[PDB]
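Chains as they are written, first to last, in PDB author numbering: chain A, 151 to 152, 154 to 185, 185A, 186 to 195; chain E, 32 to 134, 138, 151 to 152, 154 to 185, 185A, 186 to 321, 325 to 355, 357 to 400, 415 to 504; chain I, 32 to 134, 138, 151 to 152, 154 to 185, 185A, 186 to 321, 325 to 355, 357 to 400, 415 to 504; chain J, 521 to 548, 567 to 664; chain F, 521 to 548, 567 to 664; chain B, 521 to 548, 567 to 664.
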Amino acid sequence: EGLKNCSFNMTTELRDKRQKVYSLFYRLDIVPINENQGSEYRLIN
Amino acid sequence: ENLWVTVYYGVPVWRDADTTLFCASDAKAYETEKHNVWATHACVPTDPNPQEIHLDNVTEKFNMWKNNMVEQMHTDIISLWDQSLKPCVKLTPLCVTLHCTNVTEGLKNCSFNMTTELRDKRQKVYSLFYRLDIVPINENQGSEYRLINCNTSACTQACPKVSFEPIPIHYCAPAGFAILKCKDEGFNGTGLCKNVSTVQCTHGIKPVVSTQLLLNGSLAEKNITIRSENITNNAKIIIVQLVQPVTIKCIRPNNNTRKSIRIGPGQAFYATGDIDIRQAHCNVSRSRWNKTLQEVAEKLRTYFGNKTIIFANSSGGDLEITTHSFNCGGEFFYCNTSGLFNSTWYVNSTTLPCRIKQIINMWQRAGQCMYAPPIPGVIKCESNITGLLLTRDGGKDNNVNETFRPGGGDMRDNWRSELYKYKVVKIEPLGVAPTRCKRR
Amino acid sequence: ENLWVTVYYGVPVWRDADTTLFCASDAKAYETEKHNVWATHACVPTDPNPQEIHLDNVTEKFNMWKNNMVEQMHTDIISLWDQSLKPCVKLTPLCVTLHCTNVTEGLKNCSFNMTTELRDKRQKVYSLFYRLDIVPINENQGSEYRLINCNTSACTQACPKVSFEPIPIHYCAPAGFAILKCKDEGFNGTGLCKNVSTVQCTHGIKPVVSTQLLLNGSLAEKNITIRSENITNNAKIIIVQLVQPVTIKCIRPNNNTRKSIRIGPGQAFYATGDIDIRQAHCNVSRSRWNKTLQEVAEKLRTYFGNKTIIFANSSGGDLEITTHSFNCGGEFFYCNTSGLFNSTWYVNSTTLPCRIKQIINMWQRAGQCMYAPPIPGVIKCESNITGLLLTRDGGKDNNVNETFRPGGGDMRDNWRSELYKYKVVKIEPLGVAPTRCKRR
Amino acid sequence: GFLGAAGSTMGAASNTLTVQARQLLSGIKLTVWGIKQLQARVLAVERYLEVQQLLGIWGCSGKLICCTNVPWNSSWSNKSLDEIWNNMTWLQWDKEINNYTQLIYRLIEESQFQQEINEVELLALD
Amino acid sequence: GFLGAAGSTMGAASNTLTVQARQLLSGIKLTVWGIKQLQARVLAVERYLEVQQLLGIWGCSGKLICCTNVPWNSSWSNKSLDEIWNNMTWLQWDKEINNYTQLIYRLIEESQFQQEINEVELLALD
Amino acid sequence: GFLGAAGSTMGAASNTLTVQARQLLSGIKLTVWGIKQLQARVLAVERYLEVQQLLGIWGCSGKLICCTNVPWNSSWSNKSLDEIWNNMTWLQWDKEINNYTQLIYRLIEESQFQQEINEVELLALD
Ligand SMILES: *[C@@H]1O[C@H](CO)[C@@H](O[C@@H]2O[C@H](CO)[C@@H](O[C@@H]3O[C@H](CO[C@H]4O[C@H](CO)[C@@H](O)[C@H](O)[C@@H]4O)[C@@H](O)[C@H](O)[C@@H]3O)[C@H](O)[C@H]2NC(C)=O)[C@H](O)[C@H]1NC(C)=O
Ligand SMILES: *[C@@H]1O[C@H](CO)[C@@H](O[C@@H]2O[C@H](CO)[C@@H](O[C@@H]3O[C@H](CO[C@H]4O[C@H](CO)[C@@H](O)[C@H](O)[C@@H]4O)[C@@H](O)[C@H](O)[C@@H]3O)[C@H](O)[C@H]2NC(C)=O)[C@H](O)[C@H]1NC(C)=O
Ligand SMILES: *[C@@H]1O[C@H](CO)[C@@H](O[C@@H]2O[C@H](CO)[C@@H](O[C@@H]3O[C@H](CO)[C@@H](O)[C@H](O)[C@@H]3O)[C@H](O)[C@H]2NC(C)=O)[C@H](O)[C@H]1NC(C)=O
Ligand SMILES: *[C@@H]1O[C@H](CO)[C@@H](O[C@@H]2O[C@H](CO)[C@@H](O[C@@H]3O[C@H](CO)[C@@H](O)[C@H](O)[C@@H]3O)[C@H](O)[C@H]2NC(C)=O)[C@H](O)[C@H]1NC(C)=O
Ligand SMILES: *[C@@H]1O[C@H](CO)[C@@H](O[C@@H]2O[C@H](CO)[C@@H](O[C@@H]3O[C@H](CO)[C@@H](O)[C@H](O)[C@@H]3O)[C@H](O)[C@H]2NC(C)=O)[C@H](O)[C@H]1NC(C)=O
Ligand SMILES: *[C@@H]1O[C@H](CO)[C@@H](O[C@@H]2O[C@H](CO)[C@@H](O[C@@H]3O[C@H](CO)[C@@H](O)[C@H](O)[C@@H]3O)[C@H](O)[C@H]2NC(C)=O)[C@H](O)[C@H]1NC(C)=O
Ligand SMILES: *[C@@H]1O[C@H](CO)[C@@H](O[C@@H]2O[C@H](CO)[C@@H](O[C@@H]3O[C@H](CO)[C@@H](O)[C@H](O)[C@@H]3O)[C@H](O)[C@H]2NC(C)=O)[C@H](O)[C@H]1NC(C)=O
Ligand SMILES: *[C@@H]1O[C@H](CO)[C@@H](O[C@@H]2O[C@H](CO)[C@@H](O[C@@H]3O[C@H](CO)[C@@H](O)[C@H](O)[C@@H]3O)[C@H](O)[C@H]2NC(C)=O)[C@H](O)[C@H]1NC(C)=O
Ligand SMILES: *[C@@H]1O[C@H](CO)[C@@H](O[C@@H]2O[C@H](CO)[C@@H](O[C@@H]3O[C@H](CO)[C@@H](O)[C@H](O)[C@@H]3O)[C@H](O)[C@H]2NC(C)=O)[C@H](O)[C@H]1NC(C)=O
Ligand SMILES: *[C@@H]1O[C@H](CO)[C@@H](O[C@@H]2O[C@H](CO)[C@@H](O[C@@H]3O[C@H](CO)[C@@H](O)[C@H](O)[C@@H]3O)[C@H](O)[C@H]2NC(C)=O)[C@H](O)[C@H]1NC(C)=O
Ligand SMILES: *[C@@H]1O[C@H](CO)[C@@H](O[C@@H]2O[C@H](CO)[C@@H](O[C@@H]3O[C@H](CO)[C@@H](O)[C@H](O)[C@@H]3O)[C@H](O)[C@H]2NC(C)=O)[C@H](O)[C@H]1NC(C)=O
Ligand SMILES: *[C@@H]1O[C@H](CO)[C@@H](O[C@@H]2O[C@H](CO)[C@@H](O[C@@H]3O[C@H](CO)[C@@H](O)[C@H](O)[C@@H]3O)[C@H](O)[C@H]2NC(C)=O)[C@H](O)[C@H]1NC(C)=O
Ligand SMILES: *[C@@H]1O[C@H](CO)[C@@H](O[C@@H]2O[C@H](CO)[C@@H](O[C@@H]3O[C@H](CO)[C@@H](O)[C@H](O)[C@@H]3O)[C@H](O)[C@H]2NC(C)=O)[C@H](O)[C@H]1NC(C)=O
Ligand SMILES: *[C@@H]1O[C@H](CO)[C@@H](O[C@@H]2O[C@H](CO)[C@@H](O)[C@H](O)[C@H]2NC(C)=O)[C@H](O)[C@H]1NC(C)=O
Ligand SMILES: *[C@@H]1O[C@H](CO)[C@@H](O)[C@H](O)[C@H]1NC(C)=O
Ligand SMILES: *[C@@H]1O[C@H](CO)[C@@H](O)[C@H](O)[C@H]1NC(C)=O
Ligand SMILES: *[C@@H]1O[C@H](CO)[C@@H](O)[C@H](O)[C@H]1NC(C)=O
Ligand SMILES: *[C@@H]1O[C@H](CO)[C@@H](O)[C@H](O)[C@H]1NC(C)=O
Ligand SMILES: *[C@@H]1O[C@H](CO)[C@@H](O)[C@H](O)[C@H]1NC(C)=O
């Protein structure tokens, strides 16, 4: 346990398309953005 | 009679070196912040007089192939490109949805959205592109193109104030090192040169941007000249330098112009404003070339016996290599060299169309694309072809038809062009000899 | 009586030098990361003691004008700014739609949309600006302004931990180069100085940025001092240094503070948080200045003969230049110098309001704007005025009324202010002489 | 002894020498002052090394007050040794002598320090 | 006097010396040329210095045509001084002697410059 | 011959000198390790040129085992030459002697290498 399965929006090689992209994270990569919500984490830096 | 060890200091003894080398030229303005890619006067203008001297009887074995300068220049000039482009814009605000249209062939007419000087407002903006600037985004659709780099590489545009115009650089050796010069034209870069000299700094060597045909480098005498690492390796490069020049005056026949668009607040991109629209062209008349090549063939026959010989097109490989290619002003050409190398050379009693490109992958690097500034001008080249990167056919196909294609197999060899005459050496002042003496 | 060549080694012979020079100071903490633009211990603290010695009898021609050092320091300081700003933020997202409101005059109250620490979420964020930070985007509309740079240039905010506070620097000459110091105040920068010394490194120059009035520079003695390349060039600079000090204590009378916003994750922008609001001002009581200028005029008449003289305002040119301007702490001032230069000086029996700004175009460069940090403080300047960059009028008014305006004519000349006393030279240890000898 | 001191007459000036010699050599990521110091030390080192090379080919790096029997060419200033060592002064001397110096700075490297073992040949070889 | 000239035979070549010696030392933010100039000068400085260091421990930095009583070893070459100065030639001579040079470049630092005060011990101390 | 070897008693230690002298001078885009190399070489070179500069004003950069008649001042250690060469040792010797050395590193630069041609005045001039 503690290996979160995640996805986010980002630019591609084009500075237009919000490509939906997928990555794993060990839990200590992240913190909640403001509140205990499934869409709401940021990278710990 | 008896003898002792003794030393003379500073007598002439020398060997090859991995030694570093540094620039000189005339000063163009003495502004440290000058408009220049090769030498913004941060290259010190070490004496513009070549103070060269005779090496009478000094039999020096040369070696154009184990020479250090090719690798050094290749590294140095790549360093210069980066050090000219780091000050100017990277084009992360440019890989984007491009919409394009077809107009009088393959100078595609186009528009896109981008950030303006403000990181909020989209600006719709307009430019020309030559078709080889772009690829389709995913599918055959009018809205769906991207710049040819974006697939794997980021682009960067030099200020039009970073001219690629080939100002010569003179390589100085540092002190305790020197250049030996083969003081003959009747010479090839391996084994002895019987007539020689030395200089602290090479006579002018053109950076010679060149890709297939040696432009701008000087001529020989006595005979047309051939140079190779090993002529029996049909795959590895063959260099020619002519006894006679031929001049080429290529043109963008299209009245095309700088459109400055702000792309972030300190960042200025040069879009491409239009004027009929025609393909880039090069006036050279055939027969001077034809009968010059007839002697190139005759020089080459000295290695091979009495073949009928052919020069034939480069083909199939990447267009960045497989067309002849060079700058004029600040904008680059990629010409269908076939029209000048589709030709036959018997023994018995014996002009190009071109594509422009706004993007180049110079030195075949990953990353670090240059979007060359489209020039404010009907660009005109005014320049000499003087030599050939030949490749002889790998298919050995003997005793009938042995033949060549032009190539660009290493831009190191686009510098070997002139470098062949220079050997870079350490001087060791360590003159042990027998004599006899007693201390004073 | 015969003679031979002889040599004495290290004998004092010297000449003007186009040589490099390098920094020293006291150590402020020994910490490489000690918060500073000038000399954060990257400048080596070479001996803080000025180990100077008398050039007794050593007659020398000084040259304040063909001096290398002005251009060297000018190039240097600009490099210090760059290699203090590269360590902190480029504000590449900040040129954006600014909305503003008017509040008790020209301290505009404003808010804008920007990236947060996440490259997706807009954040509404808030800051003060002085009006001279902004220009209208296209039209007289409440939402429609951009930062004054964005029109041609990109901005960079320096960490408040890059304090522009003028810690002195000592230029050392490197060994075999040396500094000659004109050892009198009764001197102007061209021709002989009769009394002299030598220093390995100069007394701290004081690189206060200074725009028109010499802040922080040392006093003269015997008389007020006047310096110029050529006084018959009315257009080119006149420097004054005073025999008496003067002192100014300018203030932001407004309780104004750091607001820190992440514009990208590594990128803390310093917005400006507010507290009644009053224009920035200064206190220098008139009569001290007045009778000082009465003597400045007399020293000027010692060139010109018996004219009535006026000091009049700088006008029409760029506000960056035409105000007197300086840093206090880390925030920048632009004072309407008119109230201190609107004054008259007969022969016979004879306080500033100010604008603050956050953007500066320092050294009048294209690109490379600095957005100065809004200092958290009711900021207080505490400093000496000690000299004047005057200009004399192009009114060659035929021996009647000839007159002056202060100016920011060159920031090199804002350094000439102190460099005048120091002449940098090469020692050549090559004492050829007649005498007699034979080898041992 | 002091540094500088050119206004001491040239002989009395030579009561100081070696301390000025020390002053020829030491003062007695990129970062902007760092690269400037590095350039500065190299220029000083090479310039100091340029005068050691002079003190090679002129001789006398082994003896920092120097002898050769090379001609004092009477085309130069005829000023007396008495004037020079006891009334004249180094800057004011070089500023009279510079016009000749480039001749001396070559003619000084005559055989005594440029060729003389070619003459020790007569002293030591049959 | 020319630079180079090794095809002049070794004695005739030694009509010139010190001009080749000047060439050992001078040619007679940044872009790549700025850092490469700085690297270049240091490599030359070090090299110039390395040979002065040889002319320390070999002696003769003060007398740039050198003397010692070190053996000429008959295993190197029996070629005559007559041949050497008047017919043989420096590059071609080093292309004979290099096979021994590393032996000599140590064996030359015998006592005459490596140790000799240990022998002056008998000359000047009881 | 070894490097270091300071526990060899000072005379026997001087069976080695020049191999240590070589160790003084040679080890026997910009980038981090490249700027470190450049800085390192300059610091070693400039430090190496300081001791050669000492061996200017001390003399003896030619004869690398040095003579002067400068006084051994009896305020320094009275240790016998016999102890020094044959029982006592270099690090230990400097750790005894350094408290005197700032006198010696100036009092050494007496007339022999600071003023002696001012005495050649009486030898060669009237
Ligand atoms: C080597 O290749 C080079 C190009 O790669 C050739 O150099 C120059 O290339 C440019 C761009 O293609 C040409 O176009 C322009 O030429 C004008 C010329 O101005 C000068 O001449 C006029 C009189 O003719 C004079 O009034 C002016 O004051 C100048 O002295 C320039 O103003 C433009 O900036 C731009 O350079 C050049 O014509 C072309 N030649 C030269 C010498 O500039 C080069 O010719 C090739 N060399 C060889 C040996 O093949
Ligand atoms: C030359 O111009 C300079 C500005 O360009 C003047 O330098 C300093 O400028 C700042 C900002 O305007 C002033 O304000 C603050 O001063 C305090 C001083 O703290 C020290 O003194 C108190 C006792 O008074 C003591 O309790 C403290 O422990 C400190 O020892 C600083 O802490 C602030 O950071 C900030 O600097 C300075 O007052 C002002 N002077 C100095 C010496 O910092 C400078 O005054 C001008 N000099 C001349 C000769 O004209
Ligand atoms: C990538 O970006 C798109 C938007 O361009 C995201 O779509 C949005 O997803 C949310 C749920 O996560 C949708 O629900 C609404 O959210 C708001 C804000 O909390 C709430 O107030 C509403 O009640 C509602 O639940 C929303 O409709 C949807 N579309 C838009 C235009 O916002 C998408 O989720 C992102 N995907 C990734 C993997 O980042
Ligand atoms: C293909 O090239 C054409 C021609 O350059 C671009 O079309 C339009 O060009 C005109 C300038 O000639 C732009 O402004 C208009 O000019 C006419 C006079 O020529 C004037 O009567 C109008 O009031 C207006 O000012 C026009 O904006 C431009 N069209 C676009 C789409 O911007 C065209 O931009 C190029 N194709 C692409 C895909 O950009
Ligand atoms: C600049 O940006 C605007 C939007 O701010 C672009 O407008 C968009 O144009 C397309 C046609 O090219 C409109 O049609 C729709 O396109 C999608 C994707 O191809 C397709 O699936 C739909 O069936 C439909 O045809 C679209 O509604 C329109 N607006 C938006 C919000 O996408 C404009 O094309 C851009 N222009 C340039 C030159 O970049
Ligand atoms: C002109 O170029 C030639 C090479 O293209 C230079 O010298 C020649 O170099 C080749 C390769 O090292 C030698 O060829 C080999 O010779 C051996 C022995 O005969 C043979 O068994 C191999 O099959 C191969 O052919 C060749 O002998 C050598 N010498 C000559 C005189 O050609 C030559 O130095 C250059 N000359 C000038 C004037 O520039
Ligand atoms: C390259 O080598 C090829 C093959 O040797 C040359 O191709 C031939 O060139 C001739 C003209 O020199 C062409 O003749 C023309 O054909 C048209 C169409 O029938 C006719 O209207 C003209 O009156 C004329 O006869 C011929 O078609 C062509 N043949 C082939 C197989 O390509 C070519 O000239 C060489 N040069 C270049 C630049 O390609
Ligand atoms: C494209 O062809 C033009 C001729 O039409 C080449 O010359 C340039 O022509 C323009 C007008 O199209 C000239 O502008 C005018 O100049 C006069 C005098 O300076 C001024 O009174 C007018 O108000 C207007 O500005 C222009 O001077 C002329 N030269 C240049 C260097 O642009 C032009 O060379 C061709 N285009 C390119 C990109 O080479
Ligand atoms: C012009 O300046 C005013 C005053 O600083 C800015 O308006 C609003 O100021 C208050 C702080 O006084 C901000 O917070 C609010 O404070 C009150 C108590 O004063 C409290 O009751 C509220 O719950 C709230 O915390 C308020 O956020 C701020 N408004 C905005 C738009 O941020 C105003 O921002 C300035 N004008 C512009 C165009 O920015
Ligand atoms: C931050 O961004 C929001 C949108 O995310 C901005 O909201 C926009 O505000 C304007 C009024 O200022 C709204 O009215 C419309 O404006 C246009 C252009 O001026 C005008 O043509 C229309 O008639 C209408 O007045 C607009 O609907 C609204 N939303 C959008 C999507 O534009 C907000 O103004 C920004 N605030 C700051 C402090 O930057
Ligand atoms: C104080 O400053 C003056 C210059 O302001 C320094 O010397 C003076 O330099 C000027 C320009 O080189 C000389 O003026 C010219 O003299 C000729 C001949 O009489 C005349 O035809 C020209 O119209 C022009 O006036 C001037 O003679 C010269 N001398 C003096 C005594 O001023 C001076 O070295 C500085 N002195 C001090 C004590 O700081
Ligand atoms: C603006 O005027 C104030 C006086 O009101 C100047 O001093 C600062 O005043 C604030 C409150 O207005 C002080 O904050 C309070 O301090 C106490 C004691 O340390 C603490 O227990 C409270 O929780 C509260 O934080 C503050 O300490 C004081 N000093 C500073 C440097 O802010 C102030 O100097 C004027 N503004 C500026 C930016 O100079
Ligand atoms: C700088 O130069 C001055 C001379 O311009 C030195 O002052 C004195 O110079 C004379 C030169 O003849 C020294 O000799 C003395 O001469 C007078 C007659 O002129 C004689 O009566 C004395 O008995 C003695 O022979 C004199 O000692 C010297 N006096 C001093 C020490 O001031 C001055 O010394 C030089 N300053 C420096 C470079 O320190
Ligand atoms: C180059 O070497 C040639 C021999 O290669 C020198 O030529 C002649 O050598 C003879 C030997 O008997 C000398 O007497 C001649 O004096 C030399 N030639 C002349 C006329 O000088 C030749 O001088 C050397 N080249 C140089 C260095 O000039
Ligand atoms: C080709 O360009 C014309 C205008 O010249 C345009 O009408 C047409 O839609 C374009 N077709 C394609 C497939 O690009
Ligand atoms: C290039 O070479 C091929 C043969 O490999 C030939 O068919 C073709 O016509 C040539 N020219 C061009 C422009 O492709
Ligand atoms: C000026 O600011 C006040 C608030 O202080 C606001 O009510 C008014 O609308 C503003 N007027 C203009 C023209 O900006
Ligand atoms: C500045 O100079 C002009 C004359 O050029 C004058 O009218 C004006 O009143 C002066 N002062 C200010 C504050 O502009
Ligand atoms: C050190 O001194 C001892 C005496 O006990 C001796 O045996 C040894 O070899 C010496 N080592 C050296 C030469 O450093």
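Note that beta-carbon positions come from the ideal geometry of N, C-alpha and C, so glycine has one too.
What is the DSSP secondary structure of residue i, counted as helix, strand or coil?
i, result
"residue 278 of chain E", "coil"
"residue 304 of chain I", "strand"
"residue 491 of chain I", "strand"
"residue 226 of chain E", "strand"
"residue 47 of chain E", "strand"
"residue 542 of chain B", "helix"
Please report whether the beta-carbon of residue i lies at a distance below 8 Å from any beta-carbon of chain I.
i, result
"residue 595 of chain J", "no"
"residue 474 of chain E", "no"
Residue i: beta carbon under 7 Å from a heavy atom of ligand 1?
i, result
"residue 444 of chain E", "yes"
At the 8 Å Cβ level, is residue i part of the contact set with chain J, yes or no?
i, result
"residue 35 of chain I", "yes"
Cβ of residue i within 8 Å of Cβ of residue j?
i, j, result
"residue 597 of chain F", "residue 650 of chain F", "yes"
Quick one: is the Cβ of residue i within less than 7 Å of any heavy atom of ligand 3?
i, result
"residue 567 of chain F", "no"
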